[PDB]
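Novice: Sharing a structure here in structure tokens format.
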Amino acid sequence: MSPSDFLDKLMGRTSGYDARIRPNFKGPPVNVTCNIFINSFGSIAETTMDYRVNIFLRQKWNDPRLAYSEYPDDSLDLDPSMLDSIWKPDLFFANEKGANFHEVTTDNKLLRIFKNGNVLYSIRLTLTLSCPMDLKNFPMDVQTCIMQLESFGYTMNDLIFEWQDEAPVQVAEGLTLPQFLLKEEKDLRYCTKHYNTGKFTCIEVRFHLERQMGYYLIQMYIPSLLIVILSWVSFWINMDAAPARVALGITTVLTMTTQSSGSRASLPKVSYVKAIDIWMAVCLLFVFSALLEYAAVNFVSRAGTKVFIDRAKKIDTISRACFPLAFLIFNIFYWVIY
Amino acid sequence: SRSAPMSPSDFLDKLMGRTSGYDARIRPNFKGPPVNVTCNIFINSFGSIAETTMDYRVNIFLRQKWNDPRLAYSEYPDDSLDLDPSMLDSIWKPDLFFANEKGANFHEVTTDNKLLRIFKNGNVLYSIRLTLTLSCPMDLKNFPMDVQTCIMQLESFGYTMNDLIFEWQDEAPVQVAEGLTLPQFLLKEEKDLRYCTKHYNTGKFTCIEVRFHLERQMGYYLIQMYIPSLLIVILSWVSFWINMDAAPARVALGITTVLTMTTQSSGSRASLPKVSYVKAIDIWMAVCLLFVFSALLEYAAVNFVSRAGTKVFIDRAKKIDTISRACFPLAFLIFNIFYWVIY
Amino acid sequence: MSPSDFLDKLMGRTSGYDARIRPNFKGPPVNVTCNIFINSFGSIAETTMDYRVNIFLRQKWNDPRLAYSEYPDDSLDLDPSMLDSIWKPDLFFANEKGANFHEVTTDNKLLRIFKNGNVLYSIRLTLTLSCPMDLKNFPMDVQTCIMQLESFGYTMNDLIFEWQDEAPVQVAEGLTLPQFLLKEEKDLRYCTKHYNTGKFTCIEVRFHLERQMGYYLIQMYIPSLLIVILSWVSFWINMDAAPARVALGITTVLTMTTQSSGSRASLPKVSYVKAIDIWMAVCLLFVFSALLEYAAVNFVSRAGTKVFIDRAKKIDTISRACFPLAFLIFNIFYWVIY
Amino acid sequence: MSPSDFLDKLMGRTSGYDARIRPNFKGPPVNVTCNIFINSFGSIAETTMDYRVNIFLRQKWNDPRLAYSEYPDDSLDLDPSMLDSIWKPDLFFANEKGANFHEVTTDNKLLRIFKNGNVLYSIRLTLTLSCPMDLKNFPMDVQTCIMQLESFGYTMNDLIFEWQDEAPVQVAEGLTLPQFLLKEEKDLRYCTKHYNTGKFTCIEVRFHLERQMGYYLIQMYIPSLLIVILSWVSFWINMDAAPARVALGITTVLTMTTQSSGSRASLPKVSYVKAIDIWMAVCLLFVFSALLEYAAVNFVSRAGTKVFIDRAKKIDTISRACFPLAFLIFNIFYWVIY
Amino acid sequence: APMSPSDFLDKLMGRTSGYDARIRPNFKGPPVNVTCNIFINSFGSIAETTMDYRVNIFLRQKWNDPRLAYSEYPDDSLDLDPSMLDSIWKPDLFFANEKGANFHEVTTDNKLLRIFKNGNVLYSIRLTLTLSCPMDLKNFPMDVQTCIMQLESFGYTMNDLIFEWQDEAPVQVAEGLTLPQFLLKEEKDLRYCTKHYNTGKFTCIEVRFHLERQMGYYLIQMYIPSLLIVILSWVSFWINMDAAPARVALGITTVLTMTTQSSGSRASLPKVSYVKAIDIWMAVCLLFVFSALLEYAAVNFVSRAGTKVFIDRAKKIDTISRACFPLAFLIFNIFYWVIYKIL
Ligand SMILES: C[C@H]1[C@H]2C(=O)N(C)c3ccncc3[C@H]2CN1S(=O)(=O)c1ccc2c(c1)OCO2
Ligand SMILES: C[C@H]1[C@H]2C(=O)N(C)c3ccncc3[C@H]2CN1S(=O)(=O)c1ccc2c(c1)OCO2
Ligand SMILES: C[C@H]1[C@H]2C(=O)N(C)c3ccncc3[C@H]2CN1S(=O)(=O)c1ccc2c(c1)OCO2
Ligand SMILES: C[C@H]1[C@H]2C(=O)N(C)c3ccncc3[C@H]2CN1S(=O)(=O)c1ccc2c(c1)OCO2
Ligand SMILES: C[C@H]1[C@H]2C(=O)N(C)c3ccncc3[C@H]2CN1S(=O)(=O)c1ccc2c(c1)OCO2
Ligand SMILES: *[C@@H]1O[C@H](CO)[C@@H](O)[C@H](O)[C@H]1NC(C)=O
Ligand SMILES: [Zn+2]
Ligand SMILES: [Zn+2]
Ligand SMILES: [Zn+2]
Ligand SMILES: [Zn+2]
Ligand SMILES: [Zn+2]
């Protein structure tokens with residue numbers, strides 16, 4: 038039988054096929070088995086609280102109307118134009134903020150039918166998905182970004198989604214993220230929705246994204262240690278040199294306030310304390326105390342008498358050992374906690 | 588003799604297709620009273636609240652319900668039928684648009700995110716997923732302790748009040764997805780519903796409205812704005828414990844604190860529209876500018892009265908600092924009592 | 038007569054209507070009467086020199102072919118799908134940089150026909166329109182933004198536009214702009230174009246936008262007075278304290294240069310002097326002179342002799358009264374001029 | 038003859054017209070005569086190295102099939118819907134980075150046919166065109182931005198483009214650019230392309246854009262003179278005041294480094310020396326030398342002896358006349374060169 | 011007389027032709043061999059942050075369709091109107107690493123269709139593609155990147171459809187095409203990327219461009235203005251030791267400038283969590299400036315008492331540091347530049 042004629046009798050003019058009617062229409066729900074191949078994964082944005090992904094979305098279901106016997110082939114690879122002629126699930130991504138198909142140089146779609154009327158339908162999609170983030174432990178945080186596959190119009194009695202048993206979520210080889218590590222384990226679960234319009238099938242995959250620490254040492258943690266260590270050189274400087282010790286005390290405090298506000302500059306304006314906020318606040322005290330240390334040294338040494346110049350002397354020889362020690366004690370706590 | 592039921596293909600053809608004689612260019616009860624459309628929205632997502640562009644984004648399911656006697660059926664016992672959304676093009680449906688929408692789009696991946704359900708008696712349920720960007724004019728007088736009312740107007744474009752009328756559902760008109768959070772605001776449980784009925788030179792058009800109340804969260808602004816400003820004001824005070832002879836130290840300390848406080852002040856408006864009125868944060872930064880600027884003028888006085896090295900004036904200058912060490916922290920504490928209690 | 042049949046005889050299959058032919062085709066030009074309702078007005082950008090608007094564009098003309106007698110109704114509200122079946126003007130916005138229709142949840146269009154064949158056609162549009170700006174007096178400037186309604190293909194002998202006599206441009210109640218005031222008076226005029234392709238109808242509406250001064254006091258003028266007043270505290274400071282007076286003189290000059298460049302930072306790079314440039318330049322002199330004042334005080338007082346220390350003393354006691362006075366004299370001039 | 042019937046017989050059902058076949062199909066190439074009206078000209082971006090333009094693109098050619106005798110009119114203004122029914126050139130802009138048609142409120146298109154079968158076809162387009170820039174002399178530079186009109190599918194034997202003899206490129210009256218001057222002279226030339234697919238017609242127009250100098254005096258050149266003049270006030274300051282002269286020397290150098298990096302901040306990261314880079318580098322030396330001048334004054338005056346204090350004195354009295362003179366000598370050279 | 015074009019197209023691929031574009035050439039036979047070549051019209055928007063790059067190309071595909079062979083004209087080939095492309099079968103080539111792509115439709119579809127006597131097809135289409143290009147920034151800004159471009163079939167397995175590059179001149183680049191940040195190396199690697207998914211084995215061919223980053227900007231913007239801050243730190247040693255505020259201020263300002271200089275060098279880059287060549291330089295430049303201040307901490311501390319022995323002991327340090335630091339920094343640059351230019 039010619040392909041042209043075969044398609045016409047299976048789903049075309051002479052077929053009597055109606056794509057407005059689901060498989061097993063009077064019967065039980067259609068079982069759609071999903072699996073995704075992740076071609077690309079990125080644009081993870083804390084500010085807009087979302088992430089971008091390029092996938093092949095594979096759907097599999099049975100349509101008895103599409104079973105065939107005219108060829109011995111186990112399956113037939115059909116031109117995707119025929120996808121408009123057949124029924125197919127109305128899968129949408131519940132947490133999608135934006136999405137598009139791919140049409141260059143032709144519709145990036147795949148349609149394969151099997152002797153027994155099983156269908157394989159792969160489509161390439163780019164999705165931007167919302168990923169609400171808890172930044173409590175930033176930048177030693179770990180985020181769980183999700184992806185929900187849902188039916189828009191079919192209730193649970195007509196259409197049901199399910200993940201493949203074997204290898205539901207595959208990721209392209211050598212796929213890397215510059216800020217995060219994509220953990221091998223993906224959680225799969227049901228998100229089944231109940232609205233006033235009914236109960237709708239929904240299945241979910243959770244990606245775990247562990248943020249890489251390295252950049253923040255280079256950009257945030259090391260250049261702050263360097264400002265705290267700079268505040269300590271004041272104690273080896275002569276007490277008579279007020280402008281020098283004060284200027285050194287001021288500059289370190291103002292650098293540490295811009296350093297502090299600059300650490301939140303690529304983040305959403307969440308109204309809770311983050312792990313980086315703690316560090317910058319504690320680093321603000323250790324620098325701000327260094328100036329108050331000189332306020333004390335300058336004030337007790339007002340009169341030039343030997344008793345007070347040596348009393349003021351005592352403070353610096355203690356502070357030279359106390360602050361580096363106290364800061365070392367703080368880092369022991371801080372890093373071990375996180 | 589219980590014969591087989593009518594095929595769906597044939598049934599759709601007789602109800603709204605070729606053989607039906609249905610005309611979607613004609614409303615239900617066309618010569619009669621207006622069509623009553625009952626609306627309800629499910630808020631899937633709520634965000635991108637922008638002070639600068641004075642708007643906000645939302646992803647919703649917009650449910651519309653009305654009666655079309657033409658679509659009543661008796662061929663199946665089912666209370667309702669879930670139809671393929673392709674059939675939405677074949678039937679009449681309201682021309683609802685969002686009056687305050689700055690941008691809007693449908694969702695087509697992986698298919699049109701639409702729902703069509705018809706009932707025995709010809710009632711229709713029509714749900715469509717939409718992303719809308721809606722204008723929300725903001726009063727920033729009390730920023731950042733402000734509370735905004737963002738609205739959403741559902742309106743007919745072509746049907747006057749005698750042909751088409753909108754109305755909110757009595758039970759649960761506006762539902763919000765579970766665990767939906769906004770990082771900057773709290774979305775208040777109470778939503779006001781009201782009529783926005785428009786009169787233009789083209790006629791009187793139905794319009795119904797929902798008002799969301801968004802209370803801004805204070806926390807970030809303590810961390811970013813209020814605490815780092817207290818810290819600059821407290822820094823200005825360490826000048827008074829410093830020896831009066833050290834002019835460059837006290838002056839530098841006085842200058843640096845004033846310039847930090849001007850960049851601090853301009854940086855607080857940097858993510859806001861250029862409104863031409865005084866905000867609550869402008870007050871705080873202006874008062875914080877005085878308490879730091881006065882600290883330098885305090886030393887101008889100490890340096891000036893102590894010109895000659897005589898005991899009488901060095902002690903006179905001494906008097907000022909021992910007063911200022913207690914006065915400014917006290918005066919600033921008195922200001923915060925007022926400021927915070929007012930807002 | 039049934040509506041279905043009536044539409045079919047007026048503009049459909051059996052009608053013989055041809056939308057490729059204008060009304061009164063062999064006769065005089067079609068008179069299109071325009072009016073706009075401004076739903077929204079904003080995104081006024083100095084940098085890109087344009088502004089955004091959301092309008093209902095109402096067009097009215099007569100089509101004798103669409104006259105009817107089958108119903109007593111003065112007019113009929115038709116489904117907008119019928120707009121494709123009828124002729125209608127080819128109005129475009131000559132100064133539009135971008136524009137779009139509105140399709141959610143259906144085409145935001147209105148079609149109303151009258152017994153005598155008059156048509157009312159309202160369409161919702163979002164337009165971004167170019168508005169060239171003169172920034173000479175910024176930020177005490179006032180801009181005139183325009184909007185040109187023009188025919189693309191019809192010459193003046195076939196199609197003519199005209200504003201409504203009564204209430205051509207309506208604005209939504211309580212519509213506010215945060216940076217400007219939209220003046221009640223709108224100028225209407227003809228922009229009739231002559232190209233090598235012919236003479237084409239064009240009508241224009243000019244909006245007057247007066248910029249609100251308030252922000253610029255808060256952000257620009259007050260924080261500059263504050264830097265000029267800071268430069269003056271140098272004169273009450275002891276002349277022996279060189280580092281203090283110099284540092285105070287320097288910091289005020291550098292703050293005043295960043296203050297000056299920061300005032301143009303949200304503007305296009307026009308190559309002419311603006312009113313804010315004058316103020317920042319004069320404010321730069323009054324601060325820069327304060328440092329040159331100390332250069333003089335430090336230089337004439339080189340030797341510690343009584344004659345020169347008192348000579349240097351003379352300068353500051355003059356400068357303490359002269360600069361505040363001279364600056365007050367400048368503001369009298371400056372503000373009264375603008 | 039009725040218009041409806043006339044269009045049917047000329048290009049419609051009964052016409053036998055086939056728009057897949059060019060005019061004079063077995064004969065010589067079709068001569069398309071182009072001319073553009075520039076409605077708008079802007080968004081000239083150094084960073085992305087391109088510019089935006091809104092034009093009416095007029096094309097003229099002869100189609101013997103479209104000649105008519107049924108009306109006395111020299112030409113007929115047809116509804117643009119008829120453009121789909123007729124053959125027309127496949128002109129594209131070879132250097133277009135993005136482009137769009139205009140559809141509000143209808144397709145901004147014009148179709149006019151003449152007795153002898155000549156066609157006039159005007160279409161409104163917005164084009165973003167690439168304009169590679171030489172920034173050697175920035176900001177006293179002059180750029181040549183081009184626009185190439187090319188056929189995509191027709192080789193030179195089937196289709197040839199050519200500019201109008203009279204007035205090929207017209208510009209709207211009072212069209213201004215805030216950063217540049219658009220020079221009256223436009224060069225026209227042939228860009229005829231040879232690819233492995235064949236030899237394709239291409240014609241070009243070159244615009245000359247001379248950058249306006251004014252902004253850069255206000256923003257860049259004057260505020261740098263002001264920092265260089267500030268460095269010179271150090272020489273009138275007492276040599277004993279080390280912190281004052283040093284602070285004044287430092288602040289001027291750091292301001293001059295941010296001033297230098299801030300001058301390239303709106304430019305692409307080209308790897309060659311620009312005219313503004315020279316000026317900022319020379320301005321960096323004259324300020325940096327002023328501090329090295331004090332290093333010398335402070336170092337030779339170590340011991341308080343009269344011989345060295347006067348030796349150090351000598352340097353400043355020379356530097357007070359030398360640097361302003363040397364800088365004046367530099368500007369003579371610099372400005373006269375450019 | 012010859013056959014009319016209208017009739018000829020109708021018999022070859024139109025109504026009367028019986029052609030079915032849903033069936034590939036040699037459908038029951040071996041795979042279709044598609045020979046690709048690209049002309050690069052433009053190459054740019056290379057972004058480190060988003061880790062991708064833009065390109066405008068003519069994508070030429072060549073294959074044989076026996077159904078399209080003709081004898082009615084002597085012409086070796088026929089240039090057909092691209093509307094006829096919808097009437098014929100053609101490969102489903104897509105760019106595997108494309109992040110975004112579009113066709114060009116102004117003023118008409120930028121497409122080319124040419125058929126030959128023997129049924130060979132030439133099909134050129136203009137495309138703009140944004141392609142992902144993962145970058146290794148270890149040696150930035152003396153780095154060299156390899157950006158790729160993968161041509162792949164979406165639906166045809168290797169037994170039905172195979173891609174292959176042209177032997178002669180597969181990738182042509184427009185004359186005088188320049189990139190402002192990089193040099194595009196003449197040598198392009200071609201290779202096979204043949205993919206195996208759970209849906210099957212799909213043809214894929216690849217071209218690798220080599221982009222060498224130009225050094226010049228970074229001298230002007232990054233390396234020279236940092237040498238200038240390190241040289242500024244050295245003028246402290248020629249300054250009198252008694253002038254504490256001057257030497258300290260000079261020591262501080264240089265350190266803070268060098269921290270903003272350091273953070274500003276990463277400001278146009280993605281937040282990679284590894285050490286780059288510019289990070290090394292800024293860190294070493296931070297030490298040479300930070301040591302200069304610690305040098306004065308030592309000079310100020312050993313000279314506490316005004317005695318001749320210690321003032322001369324402190325004196326010794328500066329006369330060593332005046333020769334040591336410029337020497338030590340020169341020794342560092344010898345190492346640094348030779349490492350990143352002798353490798
Ligand atoms: C056959 C369809 C649908 C329909 O159009 N009709 C006329 C009937 C008739 C009798 N009983 C049920 C129906 C519905 C349900 N079936 S369906 O299960 O194939 C179907 C088809 C399309 C759907 C849908 C359900 O929900 C979302 O869109
Ligand atoms: C039946 C329609 C509309 C129409 O087309 N015709 C021919 C008539 C005839 C007689 N009387 C009224 C009409 C109008 C009104 N009706 S309608 O109520 O169904 C209708 C239909 C569509 C509409 C509309 C009103 O306003 C918005 O767009
Ligand atoms: C009847 C139309 C137009 C046309 O298409 N034809 C065939 C003829 C035939 C005879 N005489 C004139 C015409 C022209 C002019 N008229 S029209 O005035 O209705 C018209 C119709 C469409 C137009 C237009 C003018 O300007 C551009 O778009
Ligand atoms: C007549 C067309 C084109 C064609 O379709 N056929 C069938 C033939 C037949 C015989 N000889 C030549 C052709 C070609 C050439 N002509 S054409 O010159 O009008 C033409 C038409 C369209 C074209 C084109 C050339 O190149 C670009 O796209
Ligand atoms: C002829 C097509 C396709 C088809 O539609 N039918 C009906 C049959 C019948 C018998 N054997 C195979 C087929 C398949 C395969 N062939 S095809 O090689 O021309 C083809 C055509 C289109 C394709 C495709 C393969 O891969 C996906 O897109
Ligand atoms: C769907 O199919 C899987 C096997 O493919 C089966 O295990 C599962 O139970 C099915 N679910 C339903 C509701 O039929
Ligand atoms: Zn897990
Ligand atoms: Zn309320
Ligand atoms: Zn006026
Ligand atoms: Zn020239
Ligand atoms: Zn190679």
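Quick mapping for you: the protein sequence lines, in order, are chains A, B, C, D and E.
So that you can map any letter, position 109 of the first sequence is 146 in the working numbering, and since no number is skipped, the others follow by simple counting.
So that you can map any letter, position 158 of the second sequence is 745 in the working numbering, and since no number is skipped, the others follow by simple counting.
So that you can map any letter, position 316 of the third sequence is 353 in the working numbering, and since no number is skipped, the others follow by simple counting.
So that you can map any letter, position 327 of the fourth sequence is 364 in the working numbering, and since no number is skipped, the others follow by simple counting.
So that you can map any letter, position 48 of the fifth sequence is 58 in the working numbering, and since no number is skipped, the others follow by simple counting.
A virtual CB, placed ideally from N, CA and C, is assigned to each residue, including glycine.
#1: If we define contact as Cβ-Cβ less than 8 Å, is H245 of chain A a contact residue for chain E?
#2: Helix, strand or coil for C723 of chain B? Go by DSSP, reduced to three states.
#3: Using a Cβ-Cβ distance under 8 Å, would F345 of chain C count as near chain B?
#4: Check the Cβ-Cβ distances between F189 of chain A and every residue of chain B, and say whether any is below 8 Å.
#5: First and last residue of the alpha helix (DSSP H) that includes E305 of chain E?
#6: Three-state secondary structure (DSSP) at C182 of chain C?
#7: Using the beta-carbon of each residue, which ones in chain A are nearer than 7 Å to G806 of chain B?
#8: From the DSSP output, in three-state form, read off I274 of chain C for me.
#9: Taking CB distances under 8 Å as the criterion, tell me whether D111 of chain C reaches chain D.
#10: Determine which residues of the stretch 682 to 706 of chain B have a Cβ less than 9 Å from any Cβ of chain C, and write them out in chain order.
#11: With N137 of chain D as the anchor, note down where its beta strand (DSSP E) starts and where it stops.
#12: Got a sec: which bits of the stretch 216 to 240 of chain C sit with their beta carbon under 8 Å from any beta carbon on chain D, in order along the chain?
#13: Quick check on the burial criterion: 16 or more other C-beta atoms within 10 angstroms. Buried or exposed for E758 of chain B?
#14: So which residues on chain C does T849 of chain B lean against when the C-beta distance must stay under 9 Å?
#15: Let's see if you can read the secondary structure: which residues bound the alpha helix (DSSP H) around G274 of chain E?
#16: For my contact list, residue 357 of chain E and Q271 of chain E are in at a C-beta cut-off of 8 Å; report their separation, rounded to the angstrom.
#17: By Cβ distance below 6 Å, which residues in the same chain neighbour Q182 of chain E in space, the five residues on each side in sequence not counted?
Specialist: Considering the structure as presented:
#1: As a position in the first sequence, residue 245 of chain A is number 208, starting the count at 1. Taking Cβ atoms only, chain E never reaches closer than 8 Å to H245 of chain A, which makes this a no.
#2: Within the second sequence, residue 723 of chain B is the residue found at index 136, counting from 1. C723 of chain B falls in the coil class under three-state DSSP.
#3: In the third sequence, residue 345 of chain C corresponds to position 308, counting from 1. With 8 Å as the cut-off, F345 of chain C does not count as an interface residue toward chain B.
#4: As a working mapping, residue 189 of chain A is identified with position 152 in the first sequence. Interface residue, yes.
#5: Position 295 of the fifth sequence, counted from the first residue, corresponds to residue 305 of chain E. That run of the alpha helix (DSSP H) goes 287 to 312.
#6: In the third sequence, the residue the question calls residue 182 of chain C occupies position 145. Of the three classes helix, strand and coil, the one that applies to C182 of chain C here is strand, per DSSP.
#7: On the second sequence, residue 806 of chain B is found 219 positions in, with the first residue counted as 1. Those are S308, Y309, listed as they occur along chain A.
#8: The sequence position of residue 274 of chain C within the third sequence is 237, counting from 1. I274 of chain C falls in the coil class under three-state DSSP.
#9: Taking the first residue of the third sequence as 1, we reach residue 111 of chain C at position 74. So, not an interface residue.
#10: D682, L683, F684, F685, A686, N687, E688, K689, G690, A691, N692, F693
#11: If you number the fourth sequence from 1, residue 137 of chain D lands on position 100. That run of the beta strand (DSSP E) goes 133 to 138.
#12: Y232, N233, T234
#13: Start at 1 with the first residue of the second sequence, and residue 758 of chain B comes out as number 171. Flag for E758 of chain B reads exposed.
#14: Taking the second sequence and counting its residues from 1, the one referred to as residue 849 of chain B is at position 262. Those within 9 Å of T849 of chain B in chain C are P260, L263, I264, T292, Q296.
#15: Sequence index remark: in the fifth sequence, residue 274 of chain E carries index 264 (1-based). 254 to 274 is the span of the alpha helix (DSSP H), which, as asked, contains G274 of chain E.
#16: No answer is possible for residue 357 of chain E: it lies beyond the span of chain E, which begins at 11 and ends at 353.
#17: Working through the fifth sequence from its first residue, we reach residue 182 of chain E at position 172. Closer than 6 Å at Cβ, skipping near neighbours: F49.
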